[PDB]
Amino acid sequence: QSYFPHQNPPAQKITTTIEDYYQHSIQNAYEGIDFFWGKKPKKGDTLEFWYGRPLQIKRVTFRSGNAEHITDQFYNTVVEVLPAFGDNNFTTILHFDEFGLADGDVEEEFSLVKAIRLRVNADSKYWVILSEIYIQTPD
């Protein structure tokens, strides 16, 4: 599969500073339609999911690359959350690892969020794919 859809919590806003490729938007990937395909990430790029009410989350999964494009990962990129109750600063919860996967259980302290984002810490020589985005709730 080039893509693993999921029903994710409805987002109020989804922003990215990464130019996408035709029919491969970040909204498409979040909404279960098809994989995200972005041009080369740059230092400082973000991809953000904003929620209109506090959102309880249990696990986050961002799968970068896919079988046909194994290079097209998020490198040197963090997953951060903006807690619902706290100031306007995101906190890092995960990194894209040696498999290009950012996946883990969210600690309880960071689990009630206003936003989830990816933030890129270095330029990449490759395009980027998200083939799985799963914001798992306790429901």
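For every residue, the number given is its place in the sequence shown, counted from 1.
Looking at 21-29 and 118-126 together, the entry lists the larger mean B-factor for 21-29, computed on C-alpha atoms. Here 72-80 and 86-94 are compared by their mean Cα B-factor, and 86-94 comes out higher. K42: CA B factor in the highest third of modelled residues in this chain (values from the PDB entry). Among the modelled residues of its chain, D105 has a C-alpha B-factor that falls in the middle third, as given in the PDB entry. Residue-level temperature factors show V60 in the lowest third of its chain, judged at the C-alpha atom. For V113, the recorded CA temperature factor ranks within the lowest third of the chain's modelled residues.
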